[PDB]
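Down below is the structure, laid out as structure tokens.
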Amino acid sequence: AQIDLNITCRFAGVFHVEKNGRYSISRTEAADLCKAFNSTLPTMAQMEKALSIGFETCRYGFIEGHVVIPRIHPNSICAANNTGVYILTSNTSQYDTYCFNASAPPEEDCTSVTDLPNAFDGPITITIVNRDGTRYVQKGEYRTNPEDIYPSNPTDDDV
Numbered sequence: 020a021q022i023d024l025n026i027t028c029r030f031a032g033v034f035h036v037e038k039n040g041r042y043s044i045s046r047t048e049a050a051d052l053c054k055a056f057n058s059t060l061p062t063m064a065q066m067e068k069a070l071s072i073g074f075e076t077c078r079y080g081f082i083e084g085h086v087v088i089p090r091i092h093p094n095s096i097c098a099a100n101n102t103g104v105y106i107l108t109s110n111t112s113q114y115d116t117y118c119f120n121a122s123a124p125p126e127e128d129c130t131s132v133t134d135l136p137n138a139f140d141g142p143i144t145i146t147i148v149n150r151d152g153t154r155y156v157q158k159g160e161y162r163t164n165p166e167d168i169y170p171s172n173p174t175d176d177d178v
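Just so we're on the same page, the authors' numbering is the position in the sequence shown counted from 1, plus 19.
Given below as structure tokens:
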């Protein structure tokens with residue numbers, strides 16, 4: 020099995036995770052990783068802290084329970100105009116996700132994660148792509164999506 024990960028980095032102990040979805044990521048896969056590296060849902064506290072420490076993805080990352088965009092600064096330029104917990108407002112699809120991991124404390128760290136020691140063993144290609152700063156590969160289990168590799172029974176309804 021294999022899976023493509025995508026994280027921004029772990030700032031002040033907060034690392035934004037994604038699952039080869041980039042705007043097309045669901046809570047299932049996302050949340051799975053966010054937890055992969057001992058972390059908790061993107062809370063308002065973990066986000067604000069990492070936001071005041073100089074952290075952002077300029078993208079749509081899942082918050083406590085809704086697609087939001089970081090903007091601790093009134094200098095609207097990343098998202099659009101609104102600052103802080105910038106919720107999406109366009110076509111329906113998906114987005115990214117954040118998660119404050121107890122791993123690294125309140126400090127900026129971009130260390131090659133590729134860890135996610137909060138998962139389980141498995142031939143799953145856990146490759147964590149660092150937004151655009153780096154990309155590490157690993158082998159474990161957390162997404163449990165073997166059908167994405169070697170499908171069993173192909174679906175066929177519509178004629």
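We put the beta carbon where it would ideally sit given N, CA and C, even for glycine.
query                                                                                                          : result
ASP23, enclosing alpha helix (DSSP H) - first and last residue                                                 : Careful: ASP23 lies outside any alpha helix (DSSP H), inside the beta strand (DSSP E) at 21-23.
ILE106 vs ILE26 beta-carbon contact at 8 Å                                                                     : no
Classification of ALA64 by the beta-carbon crowding that lies within 10 angstroms, buried from 16 upward       : exposed
Under the three-state DSSP convention, the category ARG162 falls into                                          : coil
Rounded C-alpha distance that separates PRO89 from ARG154                                                      : 23 Å
C-alpha distance - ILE22 paired with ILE168, whole-angstrom precision                                          : 9 Å
Bridge partner(s) assigned by DSSP for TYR114                                                                  : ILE44
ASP151 classed as buried or exposed, judged by whether at least 16 other C-beta atoms fall within 10 angstroms : exposed
Nearest to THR144 (by Cα), restricted to the options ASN137, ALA138 and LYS158                                 : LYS158
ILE44, buried or exposed, once every other Cβ within 10 Å from all chains shown has been counted against 16    : buried
Any non-hydrogen atom of the ligand NAP closer than 7 Å to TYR117 Cβ                                           : Ligands are entirely absent from the displayed structure, and the ligand NAP is therefore not among its contents.
Close beta carbons around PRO124, own chain, < 7 Å, minus the five adjacent residues each side                 : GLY32
Euclidean distance between Cα positions of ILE82 and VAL178                                                    : 40 Å
CB-CB length for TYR161 against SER112, believed under 8 Å                                                     : Actually they do not touch by this definition, with Cβ atoms about 23 Å apart.
Beta-carbon gap between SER58 and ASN110 smaller than 8 Å                                                      : no
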